[PDB]
There are 2 protein chains.
Amino acid sequence: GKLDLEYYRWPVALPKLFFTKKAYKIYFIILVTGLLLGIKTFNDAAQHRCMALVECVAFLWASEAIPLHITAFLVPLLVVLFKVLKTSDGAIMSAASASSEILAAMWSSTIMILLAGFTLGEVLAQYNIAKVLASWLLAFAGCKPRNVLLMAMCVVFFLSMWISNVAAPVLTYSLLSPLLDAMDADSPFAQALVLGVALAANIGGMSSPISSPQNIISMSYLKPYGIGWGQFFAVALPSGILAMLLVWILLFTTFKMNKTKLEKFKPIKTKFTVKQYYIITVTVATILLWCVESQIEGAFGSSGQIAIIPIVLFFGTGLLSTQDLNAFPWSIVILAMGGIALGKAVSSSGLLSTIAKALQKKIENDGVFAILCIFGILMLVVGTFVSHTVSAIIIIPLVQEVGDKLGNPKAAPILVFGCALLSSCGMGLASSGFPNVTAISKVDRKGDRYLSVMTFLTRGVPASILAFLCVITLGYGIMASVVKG
Amino acid sequence: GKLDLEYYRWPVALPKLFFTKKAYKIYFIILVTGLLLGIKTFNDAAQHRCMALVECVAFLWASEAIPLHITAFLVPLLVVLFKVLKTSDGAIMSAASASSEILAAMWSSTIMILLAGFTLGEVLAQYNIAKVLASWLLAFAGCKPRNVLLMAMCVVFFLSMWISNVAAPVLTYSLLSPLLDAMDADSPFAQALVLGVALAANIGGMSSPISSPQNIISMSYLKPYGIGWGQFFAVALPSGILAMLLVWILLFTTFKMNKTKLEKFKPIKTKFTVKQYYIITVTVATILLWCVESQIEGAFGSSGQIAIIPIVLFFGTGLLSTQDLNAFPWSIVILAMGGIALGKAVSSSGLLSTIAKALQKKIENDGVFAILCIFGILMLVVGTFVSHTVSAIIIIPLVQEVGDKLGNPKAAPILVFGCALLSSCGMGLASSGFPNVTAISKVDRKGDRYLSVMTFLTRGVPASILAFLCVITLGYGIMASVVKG
Ligand SMILES: CCCCCCCCCCCCCCCCCC(=O)OC[C@H](COP(=O)(O)O)OC(=O)CCCCCCCCCCCCCCCCC
Ligand SMILES: CCCCCCCCCCCCCCCCCC(=O)OC[C@H](COP(=O)(O)O)OC(=O)CCCCCCCCCCCCCCCCC
Ligand SMILES: CCCCCCCCCCCCCCCCCC(=O)OC[C@H](COP(=O)(O)O)OC(=O)CCCCCCCCCCCCCCCCC
Ligand SMILES: CCCCCCCCCCCCCCCCCC(=O)OC[C@H](COP(=O)(O)O)OC(=O)CCCCCCCCCCCCCCCCC
Ligand SMILES: CCCCCCCCCCCCCCCCCC(=O)OC[C@H](COP(=O)(O)O)OC(=O)CCCCCCCCCCCCCCCCC
Ligand SMILES: CCCCCCCCCCCCCCCCCC(=O)OC[C@H](COP(=O)(O)O)OC(=O)CCCCCCCCCCCCCCCCC
Ligand SMILES: CCCCCCCCCCCCCCCCCC(=O)OC[C@H](COP(=O)(O)O)OC(=O)CCCCCCCCCCCCCCCCC
Ligand SMILES: CCCCCCCCCCCCCCCCCC(=O)OC[C@H](COP(=O)(O)O)OC(=O)CCCCCCCCCCCCCCCCC
Ligand code: NA
Ligand code: NA
Ligand code: NA
Ligand code: NA
């Protein structure tokens, strides 16, 4: 509310907001975006402008020159200013059509799932269910910080296996509240816990055939090859478990959390009440409906429609108030919507399809292992900046054609399965993916964020190579026998 | 956070939440919805189910059995459960397609405009611009509460004339903060001010050719008849002014606001600073870009894209924090999204078109005045429950065909103009329309809402008849000469 500004005076009078590090970052970003737009890169004008748009948004997010959710607000404006969206015929949309098309894509089923996760976390924490459940988990984990970390990653991984990683990190953070609440933002162990839940949700989003949209989509292509739930699990669960264990070792090695004193946790043995039993029943029913979504999709259509049921049943019954809904992390929602809009712009432009078909023209005729590693590297570099769902939708159909032409009869299922698993390894950027967006916005009791974008870059990029070597070594070894062709 | 419930005991043990008035309202609503679904009403099954859906949502909103923003969350779920959405060929959408199509309609351009209005109000109130401007307006208004009311309605009406009533009520409430802040929720004058700003924004949404989407759409049809900006103003501005004056008389007559003591307001004559000048410049530029949106639509596409500019320029420069964005009235946003979803369901099912074509087959061959009054009554009963934009989009094309077949050569322009003006008169329900949704959510310093849905029904329904008699008497009299044919 201060109405005063600082000036550099005669050195005739320019304010000091034009000479800060944020101003320098913005100058550099504008410079690079203008250079990309001016210099001819892609033959297609929409793809040429979408390359500049992707670079601009990615640099703005990585440098964090402005708040991450504000770049998310800025994405739709640039999608209309940079005429990147195209119609089905392939012509550039008019600005009005592009605006209506880009504002529609932000609100989606996963926004509903995230809001339901917020509702469930608040209702479990407010009525002492999460506190009771966190006394049995923390009793099993013990008094070693690395073991509590392992328990938290295992819990979020198992949750993401069945209900996906849109809402699993929120629920795990809600169960972690009895421990995270009394931890300052500069505590190494608290940072390790938040980052570990984020990374383990990212890894768990690739294990079960229903753990992510890119897994259901991949199974749609994989089914004709005879791959079922058991074959998918035998390959994707060991890979995810090994990747999660390696990331856990990285986390308790790179963080100075091992020398910490943890409160001894004796499990709470109180009896739940009728209100608490109602909350537990609604939570369990919502989780179960999220697990069997494909068998009730003819009525509900999506998990975002199922996500409404807890919201209505907890807010409509007075268990949660209007102030509780206004206290939701809406910056997380805005950041997620911005990520979705950027992915939709990339898909509509055709930018990623051209990159993927240019890669396809070179690495083809190569062996199945090499086409797997090169494409996995591609979706590891694209997936950390673009949504994994969009990247999988574009690439999984192409690797199928690449493998359908090879002499190996097991080549196509192996490539589709591998690219499905490797489509979730990009986790280095804190402003891409629901688990990452949730963890970057977590704040302590005083309001300071536990994690910066730099910590996410320094750990989640090594945690992306770790989750990528576990798929092309263990996962490929399991596919070599499991996949029959 | 209380884990205990009350029971009726042996009268063997049923809790007391099943015998409250809210439970009775819900029982009645389920009863009526099931009776509507069971009894055959409309030949089209989707329209027959949409009638029950509209009745259910309207009754839930009017009775306030559950919070209004929670019925807004419930609307998309019922749009999928009640299979009311249809494809372009007229076949019922699959639940997945219906879910993806109904969640895409919640986030729109007007949501962005409302968020920008929140941003502008917070940035003007936080940096003392609004308190400076409210010292010159309240000096002109004087020390009579009815005159302050007149000034507030005039300000919001003039704002809605140029930038529409999506953000004008928010800006007017921000300007009224120096007066509304120190007023408790049970004060008659505060309730009169909030309701008056709501009602005057509703009336102002019909005056200028760019005051509402149903005015731009109507001008699109009116242009071939020779009607221009001057002809539109000569008819719509006197009608709006008279309706606003009659509503102001209703407000200072039905509220015990006339016996009140108001603080003497001396104009604040301080000089703005560079930061305040930057805020003023950005606000004025955003308003001006909203006024000339049709001349810059080839670049921006919508006013919701223009609405992003203040958000980025105020949040990205640090003038507003993340906590300021989390303190936004998000229940208003959810309620608006629910209204939009209900309107889209009504449009897709074809329910409103069938009612409007059933009316058209009866009232046709009558005089131009009678077809005007009957259709205006229809859009006054539909517009208070369904969005005015959807109702206008459905009906304005039909009254054109009704008038194009009459013997009067001025019949079609008169009917299109009248139905454009009468499409904004429905203002009786507090959960329909941006000005109404904004006013029903306003809270005092202690958190108590100024207005209930009952107050909105008791004053805005007589304020809807008042705004409807002003169009068919003054407006029609002006059209009788202004319209040439
Ligand atoms: C309104 C005040 C600021 C509001 C908030 C600030 C951020 C949003 C507004 C500014 C964004 C850039 C608008 C101007 C360029 C749009 C692109 C365009 O016209 O089409 C491409 C443009 C024209 O394509 P057209 O759409 O076919 O006309 O490409 C070209 O062929 C010409 C490019 C020449 C170089 C122009 C210099 C632009 C530098 C990059 C600026 C990006 C900054 C993003 C924000 C970062 C900091 C926050
Ligand atoms: C002055 C510019 C340099 C400034 C320094 C920083 C700029 C950051 C670089 C970001 C990418 C922009 C440069 C790439 C342009 C290549 C276009 C080209 O040669 O096309 C010819 C060539 C022919 O045009 P066509 O007829 O459209 O096929 O295009 C291709 O076939 C594709 C070439 C490969 C393009 C790779 C682009 C990057 C992929 C990853 C995207 C997602 C990550 C975004 C963040 C980047 C950082 C990791
Ligand atoms: C206690 C906590 C709250 C949670 C409780 C919710 C439990 C109920 C949800 C599961 C029921 C769904 C079973 C039907 C799904 C299969 C559809 C199918 O096979 O499609 C064929 C069929 C058409 O064939 P298709 O086009 O090939 O799918 O699909 C339909 O037409 C869908 C049938 C609509 C059924 C209406 C009821 C939906 C569930 C009620 C909504 C929630 C209110 C619950 C109130 C209490 C009731 C217990
Ligand atoms: C076959 C005959 C069916 C009869 C009609 C259906 C009856 C069951 C559904 C409607 C229940 C309405 C009465 C209870 C809710 C009103 C009170 C309230 O919300 O506050 C409670 C109350 C606060 O209000 P207070 O006690 O009045 O202060 O909150 C609680 O104590 C916790 C809530 C406990 C359970 C309430 C909801 C139970 C129903 C959920 C099951 C599925 C509902 C499906 C709805 C559509 C059905 C087609
Ligand atoms: C899951 C637990 C509760 C969650 C939150 C509570 C509110 C949402 C869930 C309940 C909403 C109603 C679901 C069951 C009926 C759906 C309609 C349907 O199946 O299609 C029409 C249904 C079937 O059409 P179909 O879609 O072609 O199968 O219409 C008919 O022809 C049969 C109608 C017979 C009467 C059924 C009784 C329903 C009573 C109305 C309930 C509405 C209550 C709304 C909530 C108010 C309180 C909050
Ligand atoms: C047991 C039911 C009574 C329970 C008591 C409370 C019910 C509240 C009434 C809400 C409306 C539902 C009843 C109307 C059904 C008429 C259908 C009919 O006769 O069609 C035959 C008839 C022939 O079917 P067709 O082949 O589809 O044309 O339909 C028509 O031509 C249209 C008939 C006029 C329908 C008027 C419906 C109401 C218009 C306003 C909608 C927006 C406001 C929503 C809130 C209402 C309160 C103001
Ligand atoms: C200080 C507070 C901030 C506000 C300042 C913003 C002021 C600038 C906005 C107004 C400029 C728009 C003029 C062009 C609109 C007419 C388009 C037309 O005739 O369509 C034909 C033409 C195509 O014909 P059509 O398909 O029939 O429309 O439309 C276009 O291609 C659109 C041209 C794109 C121009 C790129 C620049 C857009 C404005 C820059 C975005 C904001 C960043 C400002 C940075 C500082 C620069 C001052
Ligand atoms: C032709 C050559 C063009 C050169 C490149 C364009 C330069 C102008 C646009 C970029 C300005 C970047 C430096 C200033 C902003 C960083 C500091 C900040 O946000 O905090 C300020 C500062 C807080 O940060 P602190 O002072 O560092 O603590 O807040 C203020 O004092 C109020 C903000 C005053 C005005 C700042 C924004 C002015 C630019 C708006 C005009 C349109 C922008 C269009 C962007 C895209 C262009 C293509
Ligand atoms: Na995956
Ligand atoms: Na990422
Ligand atoms: Na109107
Ligand atoms: Na209304």
# chains A, B, ... in the order shown; residues from 1 in each chain; ligands from 1
>>> residues_near_ligand(ligand="ligand 1", cutoff="6 Å", atoms="only C-alpha atoms and all ligand atoms", output="list in words")
residues 26, 30, 33, 34, 37, 38, 81, 82 and 83 of chain A; 309, 312 and 313 of chain B
>>> write_last_selection(atoms="N, CA, C and O atoms", output="short mmCIF file (atom, residue, chain, number, x, y, z; two decimals), in the first residue's frame")
data_model
loop_
_atom_site.label_atom_id
_atom_site.label_comp_id
_atom_site.auth_asym_id
_atom_site.auth_seq_id
_atom_site.Cartn_x
_atom_site.Cartn_y
_atom_site.Cartn_z
N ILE A 26 13.26 -10.06 -17.59
CA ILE A 26 12.22 -9.70 -18.54
C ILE A 26 12.82 -9.15 -19.83
O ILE A 26 12.36 -9.47 -20.93
N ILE A 30 12.16 -10.94 -23.46
CA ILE A 30 11.62 -10.22 -24.62
C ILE A 30 12.61 -10.26 -25.77
O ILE A 30 12.23 -10.43 -26.94
N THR A 33 12.50 -13.82 -27.30
CA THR A 33 11.24 -14.05 -28.01
C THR A 33 11.18 -13.26 -29.31
O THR A 33 10.74 -13.80 -30.34
N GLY A 34 11.62 -12.00 -29.30
CA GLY A 34 11.69 -11.24 -30.53
C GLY A 34 12.67 -11.80 -31.54
O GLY A 34 12.40 -11.78 -32.74
N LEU A 37 10.93 -14.85 -33.05
CA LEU A 37 9.88 -14.45 -33.98
C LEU A 37 10.44 -13.86 -35.27
O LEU A 37 9.93 -14.15 -36.36
N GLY A 38 11.48 -13.04 -35.17
CA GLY A 38 12.08 -12.43 -36.34
C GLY A 38 12.81 -13.39 -37.24
O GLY A 38 12.72 -13.29 -38.47
N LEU A 81 -2.62 -13.47 -29.18
CA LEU A 81 -1.72 -12.53 -29.83
C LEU A 81 -0.80 -13.23 -30.81
O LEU A 81 -0.68 -12.82 -31.97
N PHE A 82 -0.13 -14.30 -30.37
CA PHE A 82 0.56 -15.20 -31.29
C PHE A 82 -0.48 -16.11 -31.92
O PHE A 82 -0.98 -17.03 -31.27
N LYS A 83 -0.80 -15.87 -33.19
CA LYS A 83 -1.90 -16.58 -33.84
C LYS A 83 -1.46 -18.02 -34.13
O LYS A 83 -1.07 -18.37 -35.24
N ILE B 309 -4.72 -8.06 -19.20
CA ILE B 309 -3.68 -7.03 -19.16
C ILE B 309 -3.58 -6.38 -17.78
O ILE B 309 -2.47 -6.31 -17.23
N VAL B 312 -2.03 -9.06 -15.29
CA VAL B 312 -0.59 -9.23 -15.43
C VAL B 312 0.15 -7.99 -14.97
O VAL B 312 1.19 -8.09 -14.32
N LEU B 313 -0.36 -6.80 -15.29
CA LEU B 313 0.34 -5.56 -14.99
C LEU B 313 0.25 -5.17 -13.52
O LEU B 313 1.04 -4.32 -13.07
#
>>> residues_near_ligand(ligand="ligand 7", cutoff="8 Å", atoms="only C-alpha atoms and all ligand atoms", output="MDAnalysis selection string")
(chainID A and resid 81 94:95) or (chainID B and resid 281:286 289 295:300 309:310 313)
>>> residues_around(residues="residue 255 of chain B", least_positions_apart="2", cutoff="8 Å", atoms="only C-alpha atoms", output="list in words")
residues 188, 189, 192, 251, 252, 253, 257 and 258 of chain B
>>> write_last_selection(atoms="N, CA, C and O atoms", output="JSON list (two decimals), in the first residue's frame")
[["chain", "number", "residue", "atom", "x", "y", "z"],
["B", 188, "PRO", "N", -30.28, -0.55, 7.03],
["B", 188, "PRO", "CA", -31.14, -0.40, 5.85],
["B", 188, "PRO", "C", -30.47, 0.34, 4.70],
["B", 188, "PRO", "O", -30.68, -0.02, 3.53],
["B", 189, "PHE", "N", -29.66, 1.35, 5.00],
["B", 189, "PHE", "CA", -29.03, 2.13, 3.94],
["B", 189, "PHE", "C", -27.96, 1.32, 3.21],
["B", 189, "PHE", "O", -27.83, 1.44, 1.99],
["B", 192, "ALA", "N", -29.79, -1.02, 0.95],
["B", 192, "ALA", "CA", -30.30, -0.24, -0.17],
["B", 192, "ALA", "C", -29.20, 0.09, -1.17],
["B", 192, "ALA", "O", -29.43, 0.01, -2.37],
["B", 251, "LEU", "N", -36.48, 1.91, -4.10],
["B", 251, "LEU", "CA", -35.47, 1.62, -3.10],
["B", 251, "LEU", "C", -35.51, 2.56, -1.91],
["B", 251, "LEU", "O", -35.41, 2.10, -0.77],
["B", 252, "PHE", "N", -35.65, 3.87, -2.13],
["B", 252, "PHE", "CA", -35.68, 4.75, -0.97],
["B", 252, "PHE", "C", -37.06, 4.85, -0.34],
["B", 252, "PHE", "O", -37.20, 5.48, 0.71],
["B", 253, "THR", "N", -38.08, 4.23, -0.94],
["B", 253, "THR", "CA", -39.38, 4.10, -0.30],
["B", 253, "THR", "C", -39.52, 2.83, 0.52],
["B", 253, "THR", "O", -40.03, 2.87, 1.64],
["B", 257, "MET", "N", -34.14, 3.87, 5.03],
["B", 257, "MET", "CA", -32.83, 4.50, 4.86],
["B", 257, "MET", "C", -32.86, 6.01, 4.93],
["B", 257, "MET", "O", -31.79, 6.63, 5.01],
["B", 258, "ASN", "N", -34.04, 6.63, 4.92],
["B", 258, "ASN", "CA", -34.11, 8.08, 4.81],
["B", 258, "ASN", "C", -33.73, 8.79, 6.10],
["B", 258, "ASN", "O", -33.28, 9.93, 6.06]]
>>> closest_residue(among="A:254, A:63, A:387, A:302", to="chain B", atoms="only C-alpha atoms")
A:302
>>> residues_near_ligand(ligand="ligand 8", cutoff="7 Å", atoms="only C-alpha atoms and all ligand atoms", output="ChimeraX atom specification")
/A:5,16-18,20,22-23,26-27,30 /B:275,278,313,316-319
>>> residues_near_ligand(ligand="ligand 10", cutoff="7 Å", atoms="only C-alpha atoms and all ligand atoms", output="PyMOL selection string")
chain A and resi 383-385+426-433+436
>>> closest_residue(among="A:307, A:336, A:53, A:201", to="ligand 9", atoms="only C-alpha atoms and all ligand atoms")
A:201
>>> closest_residue(among="A:301, A:329, A:67, A:376", to="ligand 9", atoms="only C-alpha atoms and all ligand atoms")
A:376
>>> residues_near_ligand(ligand="ligand 11", cutoff="12 Å", atoms="only C-alpha atoms and all ligand atoms", output="ChimeraX atom specification")
/B:160-161,164-165,201-219,232,235-237,239-240,376,379-380,383,387-393,396,416-427,467-468,471
>>> residues_around(residues="residue 332 of chain A", least_positions_apart="3", cutoff="12 Å", atoms="only C-alpha atoms", output="PyMOL selection string")
(chain A and resi 67-70+72-73+111+114-115+118+166+170+328-329+335-339+430-442) or (chain B and resi 322+325-326)
>>> select_by_dssp(residues="segment 82-150 of chain A", states="helix (DSSP H, G or I)", output="JSON, numbers by chain")
{"A": [95, 96, 97, 98, 99, 100, 101, 102, 103, 104, 105, 106, 109, 110, 111, 112, 113, 114, 115, 116, 117, 118, 119, 120, 121, 122, 123, 124, 125, 126, 129, 130, 131, 132, 133, 134, 135, 136, 137, 138, 139, 140, 141, 145, 146, 147, 148, 149, 150]}
>>> residues_near_ligand(ligand="ligand 2", cutoff="6 Å", atoms="only C-alpha atoms and all ligand atoms", output="number ranges by chain")
A: 32, 35-36, 41-44, 54-55, 355, 358, 382, 385
>>> write_last_selection(atoms="N, CA and C atoms", output="PDB file, in the first residue's frame")
ATOM      1  N   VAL A  32      14.883 -12.594 -26.462  1.00  0.00           N
ATOM      2  CA  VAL A  32      14.930 -13.925 -27.061  1.00  0.00           C
ATOM      3  C   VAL A  32      13.654 -14.214 -27.841  1.00  0.00           C
ATOM      4  N   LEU A  35      13.814 -12.302 -31.069  1.00  0.00           N
ATOM      5  CA  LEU A  35      14.758 -12.948 -31.973  1.00  0.00           C
ATOM      6  C   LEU A  35      14.173 -14.213 -32.586  1.00  0.00           C
ATOM      7  N   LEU A  36      13.445 -15.003 -31.796  1.00  0.00           N
ATOM      8  CA  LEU A  36      12.818 -16.211 -32.322  1.00  0.00           C
ATOM      9  C   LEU A  36      11.734 -15.872 -33.337  1.00  0.00           C
ATOM     10  N   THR A  41      12.289 -19.909 -38.447  1.00  0.00           N
ATOM     11  CA  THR A  41      12.638 -21.208 -37.883  1.00  0.00           C
ATOM     12  C   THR A  41      11.832 -22.321 -38.539  1.00  0.00           C
ATOM     13  N   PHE A  42      10.508 -22.248 -38.432  1.00  0.00           N
ATOM     14  CA  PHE A  42       9.642 -23.288 -38.967  1.00  0.00           C
ATOM     15  C   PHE A  42       8.984 -22.819 -40.255  1.00  0.00           C
ATOM     16  N   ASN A  43       8.717 -23.766 -41.155  1.00  0.00           N
ATOM     17  CA  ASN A  43       8.028 -23.425 -42.394  1.00  0.00           C
ATOM     18  C   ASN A  43       6.612 -22.934 -42.129  1.00  0.00           C
ATOM     19  N   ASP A  44       5.900 -23.573 -41.204  1.00  0.00           N
ATOM     20  CA  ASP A  44       4.557 -23.155 -40.837  1.00  0.00           C
ATOM     21  C   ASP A  44       4.624 -21.934 -39.930  1.00  0.00           C
ATOM     22  N   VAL A  54       6.221 -20.956 -26.762  1.00  0.00           N
ATOM     23  CA  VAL A  54       6.684 -21.968 -25.821  1.00  0.00           C
ATOM     24  C   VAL A  54       7.965 -21.515 -25.140  1.00  0.00           C
ATOM     25  N   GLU A  55       8.912 -20.966 -25.906  1.00  0.00           N
ATOM     26  CA  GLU A  55      10.143 -20.474 -25.299  1.00  0.00           C
ATOM     27  C   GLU A  55       9.868 -19.353 -24.305  1.00  0.00           C
ATOM     28  N   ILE A 355       7.949 -31.640 -34.807  1.00  0.00           N
ATOM     29  CA  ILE A 355       9.191 -32.065 -34.169  1.00  0.00           C
ATOM     30  C   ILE A 355       9.259 -33.584 -34.095  1.00  0.00           C
ATOM     31  N   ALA A 358       9.806 -35.066 -37.527  1.00  0.00           N
ATOM     32  CA  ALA A 358      11.184 -34.857 -37.950  1.00  0.00           C
ATOM     33  C   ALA A 358      12.134 -35.813 -37.244  1.00  0.00           C
ATOM     34  N   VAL A 382      10.279 -32.631 -23.711  1.00  0.00           N
ATOM     35  CA  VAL A 382       9.002 -31.981 -23.982  1.00  0.00           C
ATOM     36  C   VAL A 382       8.085 -32.059 -22.767  1.00  0.00           C
ATOM     37  N   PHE A 385       8.178 -29.382 -20.047  1.00  0.00           N
ATOM     38  CA  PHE A 385       7.655 -28.080 -20.442  1.00  0.00           C
ATOM     39  C   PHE A 385       6.210 -28.138 -20.907  1.00  0.00           C
TER      40      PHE A 385
END
>>> atom_distance(atom1="atom CA of residue 404 of chain B", atom2="atom CA of residue 369 of chain B")
14.7 Å
>>> residues_around(residues="residue 85 of chain A", least_positions_apart="2", cutoff="9 Å", atoms="only C-alpha atoms", output="number ranges by chain")
A: 46, 50, 79-80, 82-83, 87, 91-94, 98, 101-102, 344-350
>>> write_last_selection(atoms="C-alpha atoms", output="compact mmCIF listing (two decimals), in the first residue's frame")
# COMPACT_ATOMS: atom_id res chain seq x y z
CA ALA A 46 1.68 -20.91 -36.65
CA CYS A 50 4.26 -21.32 -31.23
CA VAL A 79 -2.12 -17.70 -27.54
CA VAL A 80 -4.43 -15.13 -29.13
CA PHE A 82 0.56 -15.20 -31.29
CA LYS A 83 -1.90 -16.58 -33.84
CA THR A 87 -9.06 -24.84 -37.22
CA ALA A 91 -6.31 -22.43 -41.21
CA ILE A 92 -5.50 -19.84 -38.56
CA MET A 93 -8.42 -19.08 -36.27
CA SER A 94 -9.78 -15.57 -36.03
CA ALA A 98 -9.12 -18.45 -30.84
CA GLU A 101 -11.36 -21.88 -27.93
CA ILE A 102 -8.49 -21.14 -25.53
CA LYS A 344 -3.66 -27.02 -26.00
CA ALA A 345 -1.86 -24.26 -27.92
CA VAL A 346 1.01 -26.65 -28.66
CA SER A 347 -1.41 -29.34 -29.86
CA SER A 348 -3.53 -27.03 -32.04
CA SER A 349 -0.51 -25.35 -33.64
CA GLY A 350 0.98 -28.67 -34.71
